[PDB]
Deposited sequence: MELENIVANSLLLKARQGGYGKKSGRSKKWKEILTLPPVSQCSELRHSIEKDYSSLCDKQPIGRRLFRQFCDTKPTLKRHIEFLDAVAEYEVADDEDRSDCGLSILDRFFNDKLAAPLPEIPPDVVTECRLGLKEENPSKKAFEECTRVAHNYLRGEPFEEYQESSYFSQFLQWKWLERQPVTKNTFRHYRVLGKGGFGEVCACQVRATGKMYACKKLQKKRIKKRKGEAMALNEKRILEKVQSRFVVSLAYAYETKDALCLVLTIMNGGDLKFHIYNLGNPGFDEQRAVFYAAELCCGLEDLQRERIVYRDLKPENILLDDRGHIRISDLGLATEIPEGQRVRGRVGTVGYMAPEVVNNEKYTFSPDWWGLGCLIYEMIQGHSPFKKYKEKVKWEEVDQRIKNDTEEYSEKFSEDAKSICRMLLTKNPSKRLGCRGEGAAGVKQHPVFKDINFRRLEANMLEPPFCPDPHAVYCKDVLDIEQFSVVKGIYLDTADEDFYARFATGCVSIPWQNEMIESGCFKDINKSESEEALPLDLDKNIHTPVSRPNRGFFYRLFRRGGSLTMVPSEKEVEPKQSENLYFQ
């Protein structure tokens, strides 16, 4: 757990030392009161002291509950929100909400199929009020000062000594990945060591900078999260989300028939859908969807890992290239065409197939085939199914494995939002899944195992471009989750 001197490591500075930070920090309401976890907790603590503001937060928490409610419980939530916050026989808790908006809610909640978006305008108007005088007043409170103290701690130096380095978990191209624990909080992570000599030999400079950047831009429950970055004399280290449930390749082959029950594949595909949507919201194309790249956690939840090939596509632009893994590349990828997010939707089709069948759609397990031929199979050969796949599972795979990207499921403008509407995900509540409220079908088994160069000045010019050390939101979450925020804030 926590170290003996944890309170000395995580000691808040005096408020006077936070003066530079106070004036320099951009006074953005969405960031400081919502997106930054400590900021959100402290603004809510401030609201708790003002009765009118406390009701606004309760209303937002009630709307969040409604948004994640089960279909047979949604109308009860909605009616409850109306009774508690818009009781006409009582005064107005939320006066700034226009009567026409209140009225529209009452009408949308009469309908037997109520829109999970029924309170969005009420929500938007509530935040408009909060980002005004309440936000101004919060900035002049003791709670904001406390937020600035945490913000100061957050920018404190990060070195190998911030962690305890345990057993090697795996071996990569640029080095090894080992299990590490933050000394101050006891939080466990995966420390991916990228050896400087290995980066130089394999020309992985642009790659390393890219992964780093991609991992910090993405804020997803289904994508491996970067919490820290540091440098040693030998390596550039990435401190990532620990996934000790093994990769999907291990579960399909080493523990599989090969393959596993449809219900699992469907659950994993649902999560992969959300991960892809999270990446696509950031205009990122993953490029290397394969079982070996999907990892499982202790709870049985998955995350996309290996973001080396992932690339951000600016608006009004396309990428090209035959990149990825032989057998997983989309027709446009093997044809070296100009494309955007289409390869990922194809990749999902490959994954669902491999999970159910027990081999990739255009390459058998172990199969000794030249790359040159696997590419022709991707371009021309069709994929044969079995009664391992339900009629719905055969449909999502057929739609995702369509050769022409413009006719492919998820590439016709509907995006992940559309892919989610497929009849395979009938039994799945995506709002609950996206909120970590759905239990996985399977859970990994505890105890059980699941798995000449000389540095010069041009290398120094590459290390200068590498920033250290902590990642803001993941760090603030670690502070809250570990109990350190509670035991210091009190």
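- According to the record, the deposited residues with no C-alpha atom in the structure span 1 to 24, 476 to 488, 528 to 584.
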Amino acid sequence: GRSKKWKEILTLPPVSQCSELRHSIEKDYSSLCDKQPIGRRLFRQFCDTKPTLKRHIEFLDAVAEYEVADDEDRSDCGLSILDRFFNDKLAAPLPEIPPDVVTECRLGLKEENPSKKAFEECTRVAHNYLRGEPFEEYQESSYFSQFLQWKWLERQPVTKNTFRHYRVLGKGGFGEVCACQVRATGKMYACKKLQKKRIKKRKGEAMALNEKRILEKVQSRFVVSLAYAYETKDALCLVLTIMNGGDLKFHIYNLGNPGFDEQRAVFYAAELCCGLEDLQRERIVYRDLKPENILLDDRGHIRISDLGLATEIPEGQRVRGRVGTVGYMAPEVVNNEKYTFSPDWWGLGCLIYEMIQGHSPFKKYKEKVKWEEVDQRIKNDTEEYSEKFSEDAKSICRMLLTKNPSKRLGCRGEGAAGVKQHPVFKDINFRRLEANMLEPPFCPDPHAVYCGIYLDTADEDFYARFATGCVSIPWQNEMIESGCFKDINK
From here on, numbers count along this sequence of modelled residues.
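- The PDB entry reports B-factors from which the mean C-alpha value can be compared for 425 to 433 and 37 to 45; the larger average falls on 425 to 433.
- Annotation for 119 to 127 versus 295 to 303: the higher mean temperature factor (C-alpha) is found in 295 to 303.
- When the C-alpha B-factors of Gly186, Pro361, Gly175, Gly308 are ranked from the entry, the top spot goes to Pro361.
- Annotation for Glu72, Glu337, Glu277, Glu104: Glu72 ranks highest, by Cα B-factor.
- Remark: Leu455 belongs to the highest third of its chain, ranked by C-alpha B-factor as recorded.
- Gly256: CA B factor in the highest third of modelled residues in this chain (values from the PDB entry).
- Ranked within its chain, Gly413 lands in the highest third, by CA B factor from the PDB record.
- For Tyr328, the recorded CA temperature factor ranks within the middle third of the chain's modelled residues.
- Sort the chain's modelled residues by C-alpha temperature factor and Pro114 lands in the highest third, per the entry.
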